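Student: Pasting an experimental structure, sequence included:
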Amino acid sequence: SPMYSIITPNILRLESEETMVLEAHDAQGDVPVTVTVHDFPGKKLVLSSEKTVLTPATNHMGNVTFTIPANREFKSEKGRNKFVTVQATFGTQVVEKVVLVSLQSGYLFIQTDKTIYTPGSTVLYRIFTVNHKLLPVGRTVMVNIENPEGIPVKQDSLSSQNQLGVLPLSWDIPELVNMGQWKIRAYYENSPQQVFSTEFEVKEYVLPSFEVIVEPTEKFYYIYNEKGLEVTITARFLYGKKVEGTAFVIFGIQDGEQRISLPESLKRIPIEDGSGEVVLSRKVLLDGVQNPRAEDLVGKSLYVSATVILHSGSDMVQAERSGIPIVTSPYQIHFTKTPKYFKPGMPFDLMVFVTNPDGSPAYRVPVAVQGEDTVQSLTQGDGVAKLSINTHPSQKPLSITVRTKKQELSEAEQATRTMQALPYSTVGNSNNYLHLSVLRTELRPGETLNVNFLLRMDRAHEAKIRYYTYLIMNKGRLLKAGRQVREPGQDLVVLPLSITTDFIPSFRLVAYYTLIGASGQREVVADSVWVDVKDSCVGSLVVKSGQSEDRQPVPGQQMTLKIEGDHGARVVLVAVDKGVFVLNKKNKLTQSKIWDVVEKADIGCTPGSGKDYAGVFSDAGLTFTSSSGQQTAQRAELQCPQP
Amino acid sequence: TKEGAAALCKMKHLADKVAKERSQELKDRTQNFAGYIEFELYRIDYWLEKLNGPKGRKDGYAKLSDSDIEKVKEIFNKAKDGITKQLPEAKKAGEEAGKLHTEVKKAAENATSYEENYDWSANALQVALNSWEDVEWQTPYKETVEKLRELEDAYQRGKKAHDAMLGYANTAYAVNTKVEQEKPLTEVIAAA
Amino acid sequence: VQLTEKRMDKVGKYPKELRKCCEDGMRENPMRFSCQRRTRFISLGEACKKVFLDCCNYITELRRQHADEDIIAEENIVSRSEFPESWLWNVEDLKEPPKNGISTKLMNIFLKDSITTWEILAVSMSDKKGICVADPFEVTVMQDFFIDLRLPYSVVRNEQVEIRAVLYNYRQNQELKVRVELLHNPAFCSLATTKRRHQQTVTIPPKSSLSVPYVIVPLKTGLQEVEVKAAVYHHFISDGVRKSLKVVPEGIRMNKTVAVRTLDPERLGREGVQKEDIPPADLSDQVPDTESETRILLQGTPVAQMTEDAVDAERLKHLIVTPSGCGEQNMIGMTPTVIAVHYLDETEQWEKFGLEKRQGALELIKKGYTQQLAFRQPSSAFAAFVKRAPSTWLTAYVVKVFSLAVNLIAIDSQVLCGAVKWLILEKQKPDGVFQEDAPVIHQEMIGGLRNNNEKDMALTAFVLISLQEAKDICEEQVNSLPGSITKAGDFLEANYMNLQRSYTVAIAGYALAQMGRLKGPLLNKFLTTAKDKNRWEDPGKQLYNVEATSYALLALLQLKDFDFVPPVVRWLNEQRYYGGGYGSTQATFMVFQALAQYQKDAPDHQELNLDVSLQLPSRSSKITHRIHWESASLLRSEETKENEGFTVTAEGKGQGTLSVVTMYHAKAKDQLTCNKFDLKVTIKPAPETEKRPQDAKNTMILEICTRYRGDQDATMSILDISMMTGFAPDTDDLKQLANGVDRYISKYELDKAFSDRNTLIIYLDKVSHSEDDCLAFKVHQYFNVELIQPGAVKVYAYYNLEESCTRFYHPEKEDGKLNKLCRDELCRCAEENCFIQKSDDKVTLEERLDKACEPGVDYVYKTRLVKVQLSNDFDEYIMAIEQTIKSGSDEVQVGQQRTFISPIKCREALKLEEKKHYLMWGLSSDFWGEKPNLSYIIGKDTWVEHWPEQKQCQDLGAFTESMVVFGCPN
């Protein structure tokens, strides 16, 4: 009973290198295989027949790599999206599958000098073009600069050929020009349906005489804190001397986009030696809004506006602090990376990402599972903590509850979270289950990782299974594939995987197997797991000071800077004021932002295992098909399923 | 006598002017009423649709009071209903004038004084000029005056229809740029 | 008590709609206008006025009953926007022998002269690896000692300004000992002398600033340099400052046109030769010791100067002599250049002028469009000012300009077609007349019940002309354009005969000719109304008659009648009065377009072969110019530094222009009579309790009211206030006036430096004729100055510059304290140049006789003072000559009065009293001009002595006895 199966990504991109996996079970001798690609409605032979021999020395495993040339669409107006048929003839029998195709491939990153501009200033911006593998590529781009009202003001078309991606550009702001949030769009000529845009604001000329800073003593205001919100105000000149005078401070509550100013929160404070304190009491805050319930106001933010007036001079400066989210619990527990499906009998692992109210990851915050009081898994540096629990044999939905137990905090202040999961059904009702477990550590490029394979099924027929087939997905493409041999009698297996730079920023491991099946129909069992790797540059770039540490540089003096980088690398430099950079927090061009953009466009959208054998493959981004009836459902949507 | 020759030359010049200037001009001024009535009906319909339509932010109409919207819609509907009935009168008149102009042009084609050019009148002077002149080419001149008077009556019908249409046309445009500013219900309904 | 709290509590009431009115009412009006008076200026509905009145009454009553800092906390918070300009914008590649993948590179940067923390960002883009970003690098630069010299923008000649320098120390718990010195400069009299240098030691305490004042008396005009040096003890610091200041003559710079003539030897000239005489300019008010300059410009073609100026961006703004801040005037960037480009595109002149400048002209047009986009409203309508009611006239003009510019640059179709649709569907009335719902700008107002139809006809004609251009651009988008055009044309033709004003007749005729309906008696109206077959003029209007003539010329060109055209061209050419061309933007654009159209549509080519000969009276050699068509540049220039009249001979062929323009400095005096205005300026002190800023030293209040002198003004009047040395306006009051609900002014710029002195230009929408429109504001004086001179205020309309007037205001003083910054030596440095310094109070007879007779001495007069006239800038002495000792070049009889002019600073030096005998003698340079009874300017070389009518009496009589013994034989 020989079997032949072929696996391919759900979506195949044009002008990109794609790979397909061929495997055979219960085959003797050489097994030549020929794979071809044709148009869905008609036959065009977009790709030449690719032939590969699945020799027994390779344990009947192979792969074929090809890239679909860009050709005229057959059904573009007659259909919404174009489909392509891919077939493989292993022996007498043949297999076929329909695959969705897309053309979008590449990214454009826009870097800007500043975020706040004034009339007459010059805007200097650059554009970097990258391919699927985040490498330089030469293609034509078109860039437009548009005013807030939506009327384009500037248009240009450039080419990155004979250059390393960098496309310097400059623009001059007219003296009398529209004021608002101007936009800069850029997109490729080949694919105008995808546009990458940035935004920059232009404001009027303003220059305060003295700097006033108002900030609260705490980042967040607890609901039951009877002390209230304490805010400190300082005022100082640019030449060192402090500011002495009188200040008026008003509090208010901002929700959604609207803001309500509390009429009973206006206070006058004498600022002496550039220092002042104000307090907003709980009673006034509660009585300001008609909402009587204290728990209902959770979610709204608190803002403070302060004005300072000097004694001798008439100069005035206004400052405001917007934010201070209101939270009833400092720590928050989130169920994002954990799988939402559980295998009966198999132990179940959960991941909790403790985060601060602002959004930064937590550190040194114990967490546990309510009801069981298991070992308190301390949160790691990344903020992810792993908790294991034993599932019940009953075929019922599973419910879990998790709570943090940080010391020197009240019981009420402790956060809580709940999660629900459904059982994983078995095609043959044989209770066959596979579990892939990974020890969660601070893994980074250059560190081996041990993956443990566990099998659960009856003892009637266990000698049939002697190997497992595993594949790794990273950035959509099939990074690697292989087999793990299991000797009879060993339920648990260990696989050492070497983590390299290619695995950045994360990967997904899908491991499965097949058996003859007592009923008569061959049974396939699969499992999936996701692992995250530290995000860092492939190479390295350092900007130190070559000048000796003699004394702080004085204005006008010449100094030297040491720039260390990869061999043959194009380095771009810019000197921006510290105040502008610190004032800007959303348009910062960091490596983390680039990796987030790269990871956002992923074909697979699922935390872990699915619901069925085909569900795992579909969620992981693979399509499993074979000669027999075992086949996966086709995909007819480029985007992942909407929540 | 030279007076007869001068009168004949004057009559020939007037006939040529009527054939080449008045006839062509008259027809072109009769088919414009149909193109204007329909255009104004379309503009009124568009204005009504924009009022309380699928979206808002229609200048001052967005904040217009609920009560005033009902009156605006009622007056717009009344004007639209009133203006529609005038279309066929102009439509038939246009074709009638075109046919009559073609007939008059065919008839005209079948068929001292320079100092008098100050007259600058060729409306109904042909028959009267022939009247003073009298006191094969003569026979066609008899029906030209009758055809010209019939054309004048046909054009007068369309002119009267257009003038009557103005009564209902002007009211909608008034309330439009009246409410278009910051004018509250008071003045609006007071004038309506 | 707690006035701010009461204001906030009162503002708490009312909804979010009627709260701006109350908040504005809380503000104290800069002027003393009652709440009822203020409510008249509210442009909102009838509900805002009620709340405004209620809040005004409540706050007034509360403050009166009350009678700390009473300032309302700002609701819209603002942050710092100006930041240091970014630098280090460069790209480099690392090309060095790598070591295990590491490639080092050393940079050489130059830190800027500033004290701030800089951040360097590095982004790398490799091939094998890819894009990567490194962390920012922080560089901190600061200094321990800082010096900053503060100087005024400008100083008038012969003034007493007190400049200062600020020393800043950034050390903690350590005082700084420094020595500060000012280096002598011969240009101005300083505390330091050539023999003795001024130095002083000062101790700066920790974390504090120190002020070192200085006094300088400028003498020479131009640009001067002031440098201050500071040396720190115990530390090797040798920092210093050097700053440039401007000294300007005592007067107002005025450039005046002398003559504008048309050169055409063949037709205008006789026997193929033309002779033209340019008389001398009338420089009867030149300030003493000032130089004038005369410029003669020969233009081969009538449209050469404008064509060359439009292409260049630097000289583009010189085509007008008025500010351009509002909507219509912002079109100055687009309308001229486009026309120039078109005039160069159709005619074969690009090769000679230069093809490379075409791209620059297109860039200017693009920038003009970008600036014009600012005035667009969401309803696809353009208003006169930002956030104002849309105007049909401005929208039509913008539509026409955009339609013209669509071919050259990428003009968005959406905006243009939407503007056309808005003009057609909304504004147009069923009858076919375009309505306006915005204040009038171009004197389109109705002249009365009988003249009501004139406004409708003019507006309909203008809108039809604008729309006809936007016919083939997007006709499918707007399918109701032909019907509107036909209706407007029919309406214009129906009432064309009943037209009286020349402008309306001209515009209607041009529109009808464009459509092709100006035939028969209608045409007789257009040609006959012209006066002398040359022009379309109306009484009382100057800059509108030229526009009407341009419209008539365009209509004639359309009608294909070239016999009547040439006469109008000459009249249009000879209409350059302001400076060297046309002032108003509209008139300049219309003349340019009309002349370009005439040149383009010429039945025959008039080749240029002009030969011009100029023979100045002062210059011996004659100058010859040859203007030919093949010449790349058809503009010739000549400059002279003397007022004289000269003859010019023109021969050959072609029509050219000759413009002679004179520039000189005029004296400060109030205009004898305004044309159609009545301006009044008053500067007064202010209460000392006002909270002046840190740097300001004094404060005053200036009021500037005016009223029209006609039936009505409308238009857009512009006020120009020339500030003083040190005085600056208060921006808070101007902002309150402009952005307040009771809008008293339209817009204030305060961002121009066209004149040497600081200026403030205020834009006003209208000037009331029945009553007097007035405005006042506070000004602050920072620097301490003495002997300050008065400023100026000019009120004028934009489109008609002839209707204008000027007034002069001086800081109130009237005190014989003769305050002066001197203490002991500085005035001795000032009176040296006033007049010849006698060696002693009473020098010996021999010395007097020796000094009296010199080669330069020409006149010696013994006179008796008659009267002395007080003034501000120059003192006047009416004097009668009694006896003559030595007659000069001019012949004066006994008993003839000759006035004398002296500097103000010499008032206490000469010590002249009325009805007293005196003797004096000077040089031939004292003669001023050649007017009858020429004035005598008392210069440095002007000896004066007291003549008595008792040892002193005996000595003076003995001295006198020897004065007339001989007639200076040697």
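Tutor: Nice, I can see it. Numbering: from 1, shown residues only, chains lettered A, B, ... in the order given.
Student: CA atoms for contacts and neighbours, from now on please.
Tutor: Will do.
Student: next one: stretch C:196-210 to chain centre, how far?
Tutor: The chain centroid and the centroid of stretch C:196-210 are separated by 41 Å under Cα atoms, centre = their mean, to the nearest Å.
Student: do the same with stretch C:716-723
Tutor: Its chain's C-alpha centre and that of stretch C:716-723 lie 9 Å apart, by Cα atoms, centre = their mean.
Student: Also stretch C:458-477?
Tutor: For stretch C:458-477, the distance to the chain centre is 36 Å (Cα atoms, centre = their mean).
Student: again with stretch C:47-66
Tutor: Worked out by Cα atoms, centre = their mean, stretch C:47-66 lies 41 Å from the chain centre.
Student: same question, stretch A:155-172
Tutor: For stretch A:155-172, the distance to the chain centre is 29 Å (Cα atoms, centre = their mean).
Student: and the residue nearest to residue C:145 when sequence neighbours are not counted, backbone torsions?
Tutor: Leaving aside its chain neighbours, residue C:145 sits nearest to residue C:169 (5.1 Å; criterion: Cα to Cα, 6 or more residues apart in numbering or on different chains). For residue C:169, the backbone dihedrals (degrees, to the nearest 10) come out as phi -120, psi 130.
Student: is residue C:169 in a bridge, and if so with what?
Tutor: residue C:145, residue C:208 (DSSP bridges).
Student: Distance of it relative to residue A:554?
Tutor: Relative to residue A:554, residue C:169 is positioned 15 Å away (Cα to Cα, to the nearest Å).
Student: Between those two, which is the more surrounded one?
Tutor: residue C:169 (22 against 18; other Cα atoms under 10 Å in any protein chain shown).
Student: I'd guessed the more buried one sits against residue C:232; true?
Tutor: No. Using Cα atoms under 8 Å, residue C:169 is not in contact with residue C:232, being 11.3 Å away.
Student: Which residues are in contact with each of the two?
Tutor: Shared contacts of residue C:169 and residue C:232 (Cα atoms under 8 Å, 6 or more residues apart in numbering or on different chains): residue C:176.
Student: Check the stretch 351-500 of chain A for the residue nearest chain B and tell me.
Tutor: Residue nearest to chain B within the stretch 351-500 of chain A (Cα to the nearest Cα): residue A:358, separated by 37.2 Å.
Student: Chain A now?
Tutor: Taking Cα to the nearest Cα, chain A has residue A:149 as its residue nearest chain B, at 15.2 Å.
Student: Could you check how many residues crowd around that residue?
Tutor: Applying other Cα under 10 Å, we find 15 residues neighbouring residue A:149.
Student: any idea which helix or strand carries it?
Tutor: Using DSSP states H and E, residue A:149 maps to neither a helix nor a strand.
Student: tell me the contacts of the residue nearest to residue C:145?
Tutor: C:144, C:145, C:146, C:176, C:204, C:205, C:206, C:207, C:208, C:209.
Student: and with 7 Å instead?
Tutor: C:144, C:145, C:146, C:204, C:206, C:207, C:208, C:209 (Cα atoms under 7 Å, 6 or more residues apart in numbering or on different chains).
Student: Residue A:115 too?
Tutor: The contact partners of residue A:115, taken as Cα under 7 Å, 6+ apart, are A:200, A:201, A:584.
Student: For the residue nearest to residue B:111 when sequence neighbours are not counted, give its distance to residue B:143.
Tutor: Among residues not flanking residue B:111 along the chain, residue B:137 sits closest, at 6.0 Å (Cα to Cα, 6+ apart). Separation of residue B:137 from residue B:143 (Cα to Cα): 12 Å.
Student: In the contacts of residue C:169, find the pair that's most separated.
Tutor: Maximum pairwise distance in these, criterion Cα to Cα, is 13.0 Å, between C:146 and C:206.
Student: Tell me which strands the longest strand along chain A pairs with, and in which orientation.
Tutor: The residue-count maximum for a strand in chain A (DSSP state E) belongs to strand A:258-271. Neighbouring strands of strand A:258-271 in its sheet, by DSSP bridges, are strand A:245-255 (antiparallel).
Student: Now the strand it pairs with - C-alpha only, PDB.
Tutor: In PDB, the C-alpha atoms belonging to strand A:245-255 read as follows (Å, rounded to 0.1, in the frame of the first residue of the first chain):
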ATOM      1  CA  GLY A 245       6.100  82.800  40.500                       C
ATOM      2  CA  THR A 246       2.600  81.500  40.600                       C
ATOM      3  CA  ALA A 247       1.000  78.700  38.700                       C
ATOM      4  CA  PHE A 248      -2.600  77.600  37.900                       C
ATOM      5  CA  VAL A 249      -3.300  73.900  37.500                       C
ATOM      6  CA  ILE A 250      -6.400  72.200  36.200                       C
ATOM      7  CA  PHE A 251      -7.300  68.500  36.000                       C
ATOM      8  CA  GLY A 252      -9.500  66.800  33.500                       C
ATOM      9  CA  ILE A 253     -10.700  63.400  32.300                       C
ATOM     10  CA  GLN A 254     -10.100  62.400  28.600                       C
ATOM     11  CA  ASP A 255     -12.000  59.500  27.100                       C
END
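Student: Can you tell me what sits against it?
Tutor: With Cα under 7 Å, 6+ apart, strand A:245-255 has contacts from A:259-262, A:265-272, A:300-311.
Student: just the angle between the helix or strand just after the longest strand of chain A and strand A:258-271, please?
Tutor: Once the chain leaves strand A:258-271, the next helix or strand it forms, by DSSP H and E, is strand A:276-280. Angle of strand A:276-280 versus strand A:258-271, following axes from the mean of the first three to the mean of the last three Cα atoms, to 10 degrees, is 140 degrees.
Student: hang on, the earlier thing: tabulate the contacts of residue C:169 (a markdown table), appending neighbour count and distance to residue C:364.
Tutor: Shown next, in a markdown table, are these (neighbours: other Cα atoms under 10 Å in any protein chain shown; distance: Cα to Cα, whole Å):
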| residue | neighbour count | distance to residue C:364 |
| --- | --- | --- |
| C:144 | 11 | 47 |
| C:145 | 17 | 46 |
| C:146 | 15 | 43 |
| C:204 | 20 | 53 |
| C:206 | 17 | 53 |
| C:207 | 17 | 50 |
| C:208 | 16 | 50 |
| C:209 | 16 | 47 |
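Student: Could you point out the longest helix of chain B?
Tutor: In chain B, with assignment by DSSP state H, the single longest helix is helix B:141-179.
Student: what's the next secondary structure element after it?
Tutor: helix B:185-191.
Student: which parts of that following helix are buried?
Tutor: Residues of helix B:185-191 classed as buried under the neighbour-count rule (16 or more other Cα atoms under 10 Å in any protein chain shown) are B:185, B:188.
Student: That one near chain C anywhere?
Tutor: No. Shown here: helix B:185-191 not in contact with chain C (Cα under 7 Å from any Cα of the partner chain), separated by at least 11.9 Å.
Student: which outside residues touch that helix?
Tutor: B:68, B:175.
Student: mind exporting it as CSV, just the C-alpha atoms?
Tutor: The C-alpha coordinates for helix B:185-191 follow below in CSV (Å, rounded to 0.1, in the frame of the first residue of the first chain):
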residue,chain,number,x,y,z
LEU,B,185,-36.4,79.1,10.6
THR,B,186,-38.0,82.6,11.4
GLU,B,187,-37.0,84.5,8.2
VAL,B,188,-37.1,81.3,6.0
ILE,B,189,-40.8,80.3,6.8
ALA,B,190,-41.8,84.0,7.1
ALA,B,191,-40.8,84.5,3.4
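Student: so how far is that helix off the chain centroid?
Tutor: That offset, for helix B:185-191, works out to 33 Å (Cα atoms, centre = their mean).
Student: any idea what the closest residue to chain B within the stretch 301-450 of chain C is structurally, helix, strand or coil?
Tutor: Of all residues in the stretch 301-450 of chain C, the one sitting closest to chain B is residue C:430 (6.5 Å; Cα to the nearest Cα). Reduced to three states with DSSP: H, G, I helix; E, B strand; the rest coil, the structure at residue C:430 is coil.
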